[PDB]
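Only one chain comes next, encoded as structure tokens, the form deposited in one PDB entry.
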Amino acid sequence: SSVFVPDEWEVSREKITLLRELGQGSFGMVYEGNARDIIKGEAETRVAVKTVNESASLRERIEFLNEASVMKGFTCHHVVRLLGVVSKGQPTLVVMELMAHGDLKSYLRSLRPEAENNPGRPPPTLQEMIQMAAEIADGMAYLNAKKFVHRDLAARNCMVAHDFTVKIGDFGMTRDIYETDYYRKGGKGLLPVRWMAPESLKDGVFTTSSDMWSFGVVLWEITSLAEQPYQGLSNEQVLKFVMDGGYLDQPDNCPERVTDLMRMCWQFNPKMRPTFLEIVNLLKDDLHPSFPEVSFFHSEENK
């Protein structure tokens, strides 16, 4: 009988409760809800739950499969944590930790002073920006340590917690590079052009160095409150422009300090761009007191 070979992540649908829509993914839905006893010590836990549309294509379900699986093996304060999986019945439910304020792009946009949904507080300060950069870098460094290239780092894929901690999310495009330290895409596929490195666009190659390039664009998204990168140029135009050595300007009044990291991230030669650990190292001295307490950078694991 099957009962004697259970999945440790299986969770009873009975423990899950949906409250509202947190957003819509390209082929599923993300809901906010609470789950009864899914974490030892917590009677109830606020959570985000991802579903998959009946009409989801094989490819999409295959991408959804990878997302959940790579996550099963992560454990880092700056990475969205997987909590359980409901598969006994339909529809399948993937339960993750709730990031109260949603994705960074949305969040950033709400802080605009004219935003119809401004929460009542000023745009991110220099300090709050370094903190974000530092948290995204840490999570990513952890990811790199585990030997995984994300391939799709952007504001939309970064989440913001109730306490405002930013964490890496959406691991659908993630790939193991353990043996070769790189991933070379084969055929055709939906790629996030406006966030890709030149070598990745030219030869379809992905490294932690290309992920560093995306980080820079995320810094840019951050300092412009999530405007559109290469605003006014079609994906085909950007592709040609970047491969020719092109890159983004510094958003208006972008902090000098932030502009520097972007200069480093967009070096044409991938080997010259910095690594995430070096990025946390550059900012470690101007962060919340709790950082050394939860960062991967400060943990014994980082060896």
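Under this definition, the rigid core comprises the largest set of C-alpha atoms superposing within 1.5 Å between the forms. For every residue, the number given is its place in the sequence shown, counted from 1.
The same protein has a further form, the form deposited in another entry, not shown here; the description that follows concerns it.
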With the two forms fitted on the rigid core, I'd like to know which residue in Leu277, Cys254, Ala68, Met264 is displaced by 2 angstroms or more at its CA between the shown form and the other one. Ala68
With both forms fit on the core, is the shift of the CA atom of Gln127 between the shown form and the other one 2 Å or larger? no
Inspect the rigid-core superposition and answer whether the C-alpha of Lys202 shifts by 2 angstroms or more between the shown form and the other one. no
Would you say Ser87 moves its Cα by 2 Å or more between the shown form and the other one, aligning on the core? yes
Given a CA distance change of at least 3 Å, are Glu67 and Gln228 closer or farther in the other form? farther
Just say closer or farther for the C-alpha distance from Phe27 to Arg81 in the other form, relative to the shown form; it changes by 3 Å or more. closer
